[PDB]
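Shown below, as structure tokens, is a lone chain in the form solved without ligand DST; questions about how it binds or moves come after it.
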């Protein structure tokens, strides 16, 4: 049935979408905005301009077919960005060094319809299968599960491209557990994890969740589209009605768990005064041949009842206190948005022994009024 907290689907009087006047010129396309933003975001992070150009070339190659839609009077509200734009910029810090820059996109049809959009989203993967650095076999093996006869009205599939400092790009896909409806979501996930060779670990997680506050809504199944030992399967669990201590304890099922770290992050950012507008999410990672989740990353919502400026102040302060580059985070937010609540979540994984702390941001371009 779709995400209850972030709207997406056909634009109409019931789902209006209005361009902010002072952003891109009349006639500008989403791809125009994304290219400009991608460049400015690389610069704000001190990344090599050559790598930014490579990122732009890659985005045009893979998404240009669908992303050259007009910013003005869009026919579809996308899920990928909180303002409804069909692209979202993200920066990720894994310990020290230059941040990874990611863009996540949705491919819409002309005109945008559920069936058209699902066709486009899966046609994107066929195009991606021609790219030497992509491994699309594992996701195309799931197409019959996630691409039914009649998609639901709020269908989505999202595609990520990561630009890494001094390294080859990484590709990711995000799939909708609700593709065949809410009722079918558990069986769709069970079957997908079977096909991906991580059934035991998944069912182990299910059993664990049943005893630790419950498995809230599964928000997404994501795959790293690489043929490497680093590639993972990822499941995003949204935690309605759980307190911060319980979310922390729930993560103990995963390797690398650091008791107390999740609860502290939630207290420092989301706060304990007002429930957030949407619940936190834990992303559990899986690897074929490992019987438990290999990692857990917390997705932290911005605090309710507090201005966005304070949300950014808290998030930056939390970053600093983890030894990460908060200045880069603030610069990236400015570059990506051109005051406005355009963040999605902020992601955090504490450093396990021998490891590095991780923090990531996810920011809409602010093309549309909230």
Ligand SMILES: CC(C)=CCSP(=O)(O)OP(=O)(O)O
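Residue numbers count along the first chain shown, from 1.
Keep in mind that the form deposited with ligand DST bound is missing from the display, and what follows is about it.
Interface membership of residue 164, defined by any non-hydrogen atom within 4.5 Å of ligand DST in the deposited complex, is ruled out.
Mapping the unseen interface onto this chain, residue 77 falls outside it, with no heavy atom inside 4.5 Å of ligand DST in the deposited complex. By the criterion of a heavy atom within 4.5 Å, residue 265 is excluded from the residues contacting ligand DST in the deposited complex.
Contact annotation for residue 244: none of its heavy atoms lies within 4.5 Å of ligand DST in the deposited complex. Using a 4.5 angstroms heavy atom cutoff to ligand DST in the deposited complex, none of 138, 202 and 284 count as contacting. Contact annotation: of the candidates 158, 128, 188, 251, the single residue with a non-hydrogen atom within 4.5 angstroms of ligand DST in the deposited complex is 158.
For the options 172, 212, 180, 257, the one in contact with ligand DST in the deposited complex, meaning a heavy atom within 4.5 Å, is 172. Judged by heavy atoms within 4.5 Å of ligand DST in the deposited complex, the contact stretch among the candidates 96-104, 192-200, 69-77, 142-150 is 96-104.
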